[PDB]
Amino acid sequence: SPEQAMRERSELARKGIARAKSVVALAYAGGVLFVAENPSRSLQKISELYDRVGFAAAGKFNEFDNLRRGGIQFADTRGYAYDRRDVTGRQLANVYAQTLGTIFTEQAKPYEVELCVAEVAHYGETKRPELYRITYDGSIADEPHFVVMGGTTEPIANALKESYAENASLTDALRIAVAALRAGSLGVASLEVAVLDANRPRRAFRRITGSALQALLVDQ
Amino acid sequence: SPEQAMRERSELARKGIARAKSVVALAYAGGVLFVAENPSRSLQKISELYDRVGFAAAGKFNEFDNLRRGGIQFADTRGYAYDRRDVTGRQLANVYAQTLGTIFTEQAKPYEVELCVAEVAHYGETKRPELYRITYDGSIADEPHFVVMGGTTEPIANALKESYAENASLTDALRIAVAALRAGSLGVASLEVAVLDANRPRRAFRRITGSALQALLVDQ
Amino acid sequence: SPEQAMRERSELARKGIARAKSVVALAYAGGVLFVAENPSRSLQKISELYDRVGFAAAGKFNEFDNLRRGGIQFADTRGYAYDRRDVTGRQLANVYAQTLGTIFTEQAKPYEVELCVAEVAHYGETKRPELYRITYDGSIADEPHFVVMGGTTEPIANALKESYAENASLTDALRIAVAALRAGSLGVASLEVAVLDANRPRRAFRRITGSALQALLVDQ
Amino acid sequence: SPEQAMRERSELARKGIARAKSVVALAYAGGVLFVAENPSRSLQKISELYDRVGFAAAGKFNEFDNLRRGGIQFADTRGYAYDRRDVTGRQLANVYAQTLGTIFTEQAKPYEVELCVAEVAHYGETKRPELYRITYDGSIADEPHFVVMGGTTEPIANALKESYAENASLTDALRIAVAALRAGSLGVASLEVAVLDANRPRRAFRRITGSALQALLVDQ
Amino acid sequence: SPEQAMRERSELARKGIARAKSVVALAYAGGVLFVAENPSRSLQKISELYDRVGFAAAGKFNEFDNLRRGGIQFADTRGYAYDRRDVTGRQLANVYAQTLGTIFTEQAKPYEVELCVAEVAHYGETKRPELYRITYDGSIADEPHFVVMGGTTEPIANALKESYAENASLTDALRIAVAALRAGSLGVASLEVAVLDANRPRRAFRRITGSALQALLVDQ
Amino acid sequence: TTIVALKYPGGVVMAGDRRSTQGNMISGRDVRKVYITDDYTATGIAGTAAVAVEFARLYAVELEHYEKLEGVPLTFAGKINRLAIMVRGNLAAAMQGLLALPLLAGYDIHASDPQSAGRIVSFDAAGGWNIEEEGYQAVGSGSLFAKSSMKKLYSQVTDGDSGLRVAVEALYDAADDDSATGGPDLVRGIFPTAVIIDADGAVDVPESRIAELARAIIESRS
Amino acid sequence: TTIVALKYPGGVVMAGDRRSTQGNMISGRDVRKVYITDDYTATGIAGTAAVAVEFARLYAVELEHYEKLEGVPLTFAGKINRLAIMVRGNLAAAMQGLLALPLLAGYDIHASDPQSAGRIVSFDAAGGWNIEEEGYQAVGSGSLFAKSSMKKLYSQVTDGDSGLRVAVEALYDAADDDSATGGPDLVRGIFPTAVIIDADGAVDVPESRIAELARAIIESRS
Amino acid sequence: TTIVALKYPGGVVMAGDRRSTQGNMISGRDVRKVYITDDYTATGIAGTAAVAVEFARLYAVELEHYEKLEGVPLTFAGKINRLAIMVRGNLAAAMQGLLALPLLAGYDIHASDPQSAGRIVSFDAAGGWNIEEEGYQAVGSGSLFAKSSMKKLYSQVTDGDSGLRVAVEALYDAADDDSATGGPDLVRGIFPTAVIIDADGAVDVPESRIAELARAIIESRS
Ligand SMILES: *[B]([O])([O])[C]([C][C]([C])[C])[N]C(=O)[C]([C]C1=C2[C]=[C][C]=[C]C2=[C][C]=[C]1)[N]C(=O)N1[C][C]O[C][C]1
Ligand SMILES: *[B]([O])([O])[C]([C][C]([C])[C])[N]C(=O)[C]([C]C1=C2[C]=[C][C]=[C]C2=[C][C]=[C]1)[N]C(=O)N1[C][C]O[C][C]1
Ligand SMILES: *[B]([O])([O])[C]([C][C]([C])[C])[N]C(=O)[C]([C]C1=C2[C]=[C][C]=[C]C2=[C][C]=[C]1)[N]C(=O)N1[C][C]O[C][C]1
C-alpha cells in the first residue's frame, strides 16, 4: 500500500519529534537567537555551520548530529570551491530538504528530526535575517519572524505569535523566548543558548555560556 | 497486483499535486508569462533553464527543484557539447518525461510534481511560443495557448478558456492570469512572476520584482 | 502467481495502447506511407531510422521515443561497423522485439507501446516494401500490405481490408488512409505524415509538411 | 508495517538486554568505577578504550565485544591522525550511537547490547568525570552521577539513587555499588572490576585483580 | 515477525544439533582429551588448529569442517603476522562466535553446529587448560572442567558432573568419557579420539590410533 | 597533398588533388580527398590517409546521427565544434605519427546575407579552429603554394564556375612546387576532384568541367 | 600576442591584438582574444589557441551555470577561484606544449568604493593569481613591452575613453617590438579588439573608436 | 622570500616580506605571505606561490572544520600534525617544482607557563617538524641571512613591540643580501606584513608601526 505506507512513515517520525524536547529560533535586533532546552552539558542541539549561517534541530540526536556534520562538510567544501561569500544557508536548507527527502523514501526508518537553518547579513551589510524550517519528509518553508520545533509547538508558537517583539533586544528576545517555551510544559540556566551576532566581523556565531547568560535570563 | 499497484502510485501523486499551490503559464505578445502564487521570498517555483527556454512547476518543492537543477545541468552540457542554439526545451520536456517516467516506476514513492517547459523564439526570429506540460507519470503534452497546474485546475483553466487574449499585452495577460488564478480559491504583490521576453537579445528570462510588478498588477 | 502475473502486465499495457491515439502504415506505389493523428507540432510519432528503413509507433511518447533513439543508435553503429547496406530493419524489428521482450519481463511496468518498422528497396533495386509490427510483449509479425496500431484497430483495420489499393498513388493511398482512420472515431491537416520514398537516391525518408500536404489530402 | 516493524525490533533487543547480566558504572573521588557481575575469567564486559576513556557494556558478548574493538580502532586512529589529546569519549559515544543507530535499521536483527563510555580528566587537570549511555536503538544520554544497564535496572538504579555518595572513596563506592547490584537479584570476588584512575599519569585504566579486590569488597 | 523469525532459526538449528552424534572434551592431568563417536574412517570431528589449541565440533559436517578450515586459516595468518606465541584459541573462540553470529543473521539457513575450542599451556609453562563452547547463535561460554555437545547432552553431561576426576589419567579420563557418553544412548574402538598433550614440545596435538587406543579403552 | 577552399558570391567550392605518397614514392594516383559530409557541408582532409578517410566517414555519420535523433541538423557552429572535438580526440595519435588535419567548407542556410552564407573553417592539430573570412584557405604539403597563388588570382572570382577555375589553378600551382601534391594526369586521365555548395546544396563537380579547366591552364601556361 | 588591461576611475578596459602565429609565419590576422565572460567580467587569453578559446568558452559556461543553479552570480572572489582552478587543471597539458595563460578584468558591483570596483587579476601557469592593484597588467609574448610603455602612459588615464587610448597605444608599442603581437592593419582594416566594464556592465568597444584611436597614434608617432 | 618568527615573553610575532620574483624579474611587490590561520595560529609560507596560497587557504579551513565538528579547537600538537601531513601530501609535486615550505607560529593557550606559550614550528619538505625553542626561526631564500642577523639582535627582545622591531630588522637584513626577498619600498609605500599572538589572540600589526620601525632602521643604518 504505497500511499498508506507513506502515512505510517510520517506518523512514526512525527511522534518521535513530539516526545523530543523543544527548540526555538527567532529574529531580533542583533541578528538571530537560538534557545533550546537541553539538560546535557555536551550533547548540543545548536551549532555553527558557516560564517553567517547557523544550525539548530530537535529530535533524535545521533540523527540530527549527523545532518549537522554533513552541513558543515558541504558548507566548508562549497566555500573552498568558490568563495566563502557564496555559501547561503538557503543553499544548506535545500541540501537538507534534499537529504531528508531521500531518507524519508530510501532509508528503512525515516529520520526523527526537524531542522532550522538561519542566516544573518554579513558584517557591514544590512539585510533581513532569514529562517528556514526543514521537516522530516523533506518539506521546506521560511518563516520571516520565528521558528518553533520539537514537542508540542502550538502553545510555544502561540505565545510567540504575540510576545514576538519585532526588533527586540538580546536580553528582551531571550526573555520573550524562554517565557514562550515554558508555555508548552523549569527553564533554568541549565539549557542551551547561542546567537548569530550580525555585528561580528567574520564568524557570526557565539555561544552564551553560564554566568554571562544569567545577566540576561528571565524570571519565572 | 502490478496494475492495481500503478493505480495507488498515481493516486498518491495526484493528491499531492492537488494540495499544493497553483501555477500558470500562458502565451502573450512579448513571449511567455509565468505566474504562480508563492508566499515565500526565496523558494521559487519558476526558473530559467537555457537562453530561450524556461521552467515552472507545482508540487513538493525539494522534488521539483531537483528536476530544475537537472534541467539546467542537461541544457548547459548539451549547449557546450554542440552549440547554444541546439537546446530546444522540446528536448528538456523529453528529458523530464523520461526522468519522471523512470521515477514513477523505479523510485519507491513517485514525485509529487507537475512541470512546464516553455520556449520562445530567438531574438530576430519570430516563432509561435511553445508550452510543454509533463505530468508525474512521465506523460507529456503541448498546449498551444496556456498551461495550468497545481491545486484545483478546472476553475482556473476554465476562466482562461475565455479570458485568454490571443495576443495580449504584458500588463493585460498578467491581469487575465491573476484573475483566472483567483477563480480557483488574495492574489497580492506577494507571489512569483517572471517572463520569457522574446525581445531580449540572448537570455530571454526576466523576473518581475515587487515595485515594477505593481504597475502591471490586477485590481481584485 | 507467475502465470497470472504475466496476464496483468499484458492487461496494463494493452489498455494504455487503447487509450492512445491511432497510427497507420501501408504499402503503395512509391514505397511506404506513414500517417498518424497527432495534434502536437513537435512531439512526433513517426521518424527515420536508417537509409531505407523507417519508424512509427503509438502509445506513451517518452517510452517509444526512447526505443526510437535506441534504434537510430543501433542502426548507425551497425552501419559504421560493416556497411550502410547491411542494415535491414528486419534487424531492427528483431532488436526491438528483443528489447520490448526483456522490458515486459525485467522492468517493473511494461512499455505501453506498439511499433512499426518499415523498409523499402534501395534506389535502383526493385523489391516488395516490408512492414514489421512489434507488440509490447516482444512479439513480432510482418504484414505484407498495411499495419494498424493504437486505439481501436478493428474499425480502422477493417476499413483498410477493403480500401487498400494494392498499387495506389501517394495522393490515393493518403486518401485511403485518412478515411480508414476516421472509421475508428476531424482528420484535418493537423496530424503527422511522412513517407519512405523508394525513388530517393540515398535517404528514403521525407516528411510531408503543411501546405504540400493539403494538395493530397482527403475531403471528409 | 514500518512503524509496527520498529516496535518488534525494539522489543527483541529490549528482552535480550533484560535476560543478560547486570553492569554498573559510577563517579567517585578517584575518577570512575566499573563493576559488573561476570562469572567468566576471560570474557570481559569492561575494557579500556583510550588514555582517559573507558568502555563497559551489558548484553550479547560477541556483539558488544565487536563494538568494543571498533571503539579501540576508532580512538587509536583518531589519536594518530591528530593528537592523543583530541580523543574525547564524547566522540566515542557519538560513533557508538551512530553505529548502533544504523544497525537497528540496516542489520536484520538489532544488537542486543547497552553501552557505557566514561571519561575522566587528564592527569594534572581537574574536571567532572563524564558518563554516557548508548542504547540499542542508537539513543544517547549522559548521566552525571551513575549508569545502570542489563537485567532489571529499577531496583539496582533505585538503590543507587540513595546510596550514591557524591564524592565516595574507592572502597566506599565499591561497597555502595556491589550492594546496589544485589538489590536486583552472591556478589563474591567472582565478578569483574576496573577503574578509571584520574590520578594515573597517562593510561587512566586499571583492572582490580582478585586478592587486591578483597581488601575493598563489601560484606553481604 | 523479526522476533518470531529468530525463534524459528534457533529451533531449526537446535534440532539439527540433537539428531547429530555426540562429542565430548574434558580436562585431565596431561592436558585436554577429545572423544567423539564417529563411525567414519576419514570424516573427522576433531582437529588441530594451532600449536597448543584444538578443535572439536558436532553437527552437519560440511558446515563445521568449513569453520574448522577458517580457524586454521585465521590462526596460521595471525601467527605469521605476529608470533606463534600470540595465538590464543580464546581468540579463535571469539572469531568463531563472530562468524556463527553473522551466519545466524545473514545466511538464509543458520549453521547446524556446536563448537569447542581448547587450549593447553605451552611446553615448560604450567597453566589451567581452557575450554570454550560456541553455539550456533554465536553465543560463547567457557566451562572450566568439561564440555558436552551434540545429541542429548543431559544424560551425557550429568554422568560427567560426577564421574569427572579433576586430575585424572589419560586412560582414566578416557574411561570416564566413553562411559559418560554411553549414558546418552556400542562405544567400541570404532570412534574418534585425540589429545592436546601439554607435555609435547611444540605441536600439542596427537591423534590416538586404533591399536594404541585399545590399551586405554573402557570395558562396557 | 593540397586541399583548397574558395568563397564566391553564391557559395563555396572545395577541391583537392589525388596524390598519395609514401616516402618519395608515388603510391596513389586517384585518392578522393574531398567529401560531402552532409547536404551543406564538404570536408577535405590532409595527412595520414588511414585517419583522413576515417575522420570523413565518422564525421558524416555523427552529423546525420544528430539529425535523425533530434529531428533537425546541427547549427553550423555545432558542426564546427564536433569536427574540432574529433580532431582533438586524435592529438594522442597525431603525436606519434597518425596526424590528420581537416578543412571544412559549407553553406550556412541561416546566414543573414544568403550571398555570404559560404563558410571556410580551418583546423588546428589540437582542435582549434578559425572561420577564415578571407575567401580562400588551403591545407596540406602544398597549401603554402596554393594560398599564395590563390592570393593573386582571387580578384578573378565572380561566380561558381569562376571560382572553380581559380581552385583548379591553385592546385595546379601547388603540384608545380610540392612534389607530394600531384597535378593533372593527362596520360592517365586523372584530375583533381571538387565540390560546390550554394543555397541548393552540395554537389560533386563533374570531372569534365575540371579536366576542361585543367587543359585551359596547361595550354595558357604552356 | 599581447592582451592588456587598465583600471580607470569608472571601471576597467581590456584590449588585445589579433595576430596568430606559427613559427615565424603569420597564420591569423583577426583572432578575437578578448571575451565577455559575463555581465561584469572580461577574460583575455594568451598562448595555445586551441586551449585559449576553450578556456574562455568553458569559463563563461561555468559562471552562468552557477548563476542559473544558485540563483545568484558568484562573488568576484569566487569567479577568480574558478578560473584559477581551471588553469591548474591544465598544468599537465601546459607541461607538454598546450600552455595557455588568462588575464581577468572585471567590475565588482559589491566593492565599497564604486570608483575602485575595477579589478585586474593575473594568472599563474600553476593556478596562482594576484589581484594587480597597480592599474595595469599584460599577458603574452609582448606583454613585457606593453607593461613598460603603459608604465609611462598611465598618468594620462582620466576616464574610459582616456584609458582606452593608452590600452591601444601599449598594444601598438607591443607590436612594435614583439613580432608575434601584430599592430593595426590599415591595408586590411583590422584593429585590436577591446571591452569596457563599468557599473552598467561589460560592452564591446566598437572598432570605429579603436580604428580612429589607432590612426591617431600612427600619425603622432609618424 | 623571507618569513621570520620570534618568541618574546608575552607570545610570538611573525613577519614576512612581499616580493615575488620569477627568474631575476620582480613580478610582485605586495604579496601577503603571512596568514592568520585561526585565533592563536599564524602561518607563513615560502616557495611556489600557487601552493603557498593554497596551503594557507586550505589549512585554515581544516582547523576551523575540526572545531565546528568536534566543538573544540585542535591541540597545538594536533595543529602541527595536520600541517605536517599537508606538507608531505605535496612531496610528489615538490619533487617536480611545486615546492612550498611553511613556518608555523602560535600561542598555546594550554601551556603550563603562559609566558612561554609562544610556539615556533619549522617544517621539512618531507613532512617533518621541529618545535624550535630557541626564540627565532626563518624560511625562504633569505632565511639564512635573517637567522644570522636575528642571532645577534635577539637579546634586544623584551616585549611585543620590542620583538617586532627585531623581526622587521632581520627582514631588512635579508633583503640586503637576498635579491629575492625585497626590503621596504618607501617610494611606493609598501612594507613587510606581520602578525602578533599573545593570550588575547592573533592580530595584524598595522603597517603604521611597521613603516615607522622600518624608517628607524633605514635612518640608523643610513
Ligand atoms: B596528403 O598528404 O594529405 C595525402 C592524404 C590522403 C590520402 C588522405 N596522402 C599522403 O600523401 C600521405 C601518405 C600516406 C600513405 C601513403 C602510402 C601508404 C599508406 C599511407 C597511409 C597514410 C598516409 N603522406 C603525407 O605526405 N603526409 C605528410 C604529413 O602528414 C602525414 C603524411
Ligand atoms: B597569442 O599567443 O595569444 C595567440 C593566441 C590565440 C590564438 C588565442 N596565438 C598564437 O600566436 C600562437 C599560435 C598558435 C597557433 C597558430 C596556428 C595554428 C594553431 C595554433 C595553435 C596554438 C597556438 N603562438 C604562440 O606564440 N604562443 C607563444 C607562447 O604560448 C604558446 C604559443
Ligand atoms: B617566496 O620564495 O616565499 C615567494 C612566495 C609567495 C609568492 C607566496 N614567491 C616567489 O618568490 C617565487 C616566485 C613565484 C612566482 C613568480 C611569478 C609568477 C608565478 C609564481 C608562482 C610561484 C612562485 N620565486 C621563488 O624564488 N621561489 C624560491 C624557491 O621556491 C620556488 C620559487
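Residues numbered from 1 in each chain as written, not as in the entry; some residues may be left out. Chains lettered and ligands numbered in written order. Part of a larger assembly, values for the part shown. Heavy atoms only, no water.

Structure determination for this PDB entry was carried out by X-ray crystallography, with a resolution of 2.99 Å recorded in the header.

## Overview of the pairing of strand β1 (residues 3–7) of chain G
Residues and elements named next belong to chain G. This is how the line gets drawn: Type-normalised accessible area, obtained with a 1.4 Å probe on protein chains alone, sets the label of each residue: buried when under 20%, exposed when over 50%, and partly exposed for intermediate values. Here a helix means four or more residues in a row that DSSP labels H or I, a strand means two or more in a row labelled E, and each is numbered from the N terminus. Two strands pair if DSSP finds at least two bridges between them.
Burial runs high along β1: four of the five residues are buried. One ladder, built from five bridges, connects β1 with strand β2 (residues 12–16); its direction is antiparallel. Across the sheet, residue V4 finds its bridge partner in β2, namely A15. Here β1 folds back onto β2 in antiparallel fashion, the turn holding four residues.

## Some words on the environment of B:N158
Residue and element names in this part refer to chain B. As for its placement among the helices and strands, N158 is situated in helix α4 (residues 153–163). Taking the relative accessible area as the measure of exposure, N158 reaches 38% and is therefore partly exposed. Spatially, the C-alpha atoms of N158 and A183 are 8.7 Å apart, while their sequence positions differ by 25 residues.

## Some remarks on unusual backbone geometry
We note that F:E133 has phi near 30 degrees; this positive angle belongs to a residue other than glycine. Take F:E133: it is sitting in the loop between β9 (129–131) and β10 (136–139).

## Side note on the site of ligand 2
Definition in use: Nearness is defined per residue: one heavy atom within 4 Å of the molecule or strand is enough. In protein, a polar contact requires one atom able to donate a hydrogen and another able to accept it; more generally it is a pair of N or O atoms within 3.5 Å, and residues adjacent in sequence count only if both atoms are side-chain atoms. When residues are sorted by character, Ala, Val, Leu, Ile, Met, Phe, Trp, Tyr, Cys and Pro go into the nonpolar class, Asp, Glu, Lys and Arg into the charged class, and all the rest, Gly among them, into the polar class.
Around ligand 2, 15 residues are found, and the nearest of them are G:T1, G:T21, G:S27, G:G47 and G:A49. Residues within reach of ligand 2 are spread across chains F and G. Contacts to ligand 2 include G:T1, whose side-chain N or O atom sits 2.3 Å from an oxygen atom. Separating an oxygen atom of ligand 2 from a backbone N or O atom of G:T21 is a distance of 3.1 Å. Among the elements of the structure, β3 (20–21), β6 (41–47) and α1 (49–70) of chain G are those that each provide at least two residues to the shell around ligand 2. No other element matches the three residues that β6(G) contributes to the shell around ligand 2. Grouping the constituent residues of the shell around ligand 2 by class yields five nonpolar, seven polar and three charged.

## Details of the interface of chain D and chain A
Going by this rule: Whether two residues touch is decided by their heavy atoms; if any such pair falls within 4.5 Å, the residues are in contact. Summed over both partners, the accessible area (1.4 Å probe) lost when two parts come together is defined as the buried area. In what follows, salt bridge is the name for a side-chain nitrogen of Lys or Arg lying within 4 Å of a carboxyl oxygen of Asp or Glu.
With 22 residues of chain D at the contact, the number on the chain A side is 19 residues. Here chain D meets chain A over a buried area of about 1600 Å², counting both sides, of which 50% is carbon and sulfur. Inspection of the region where chain D meets chain A yields two salt bridges. Salt-bridge contacts for D:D137 lead to A:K60; the nearest nitrogen and oxygen are separated by 3.7 Å. On the surface where chain D and chain A come into contact, there are eight residue pairs in polar contact.

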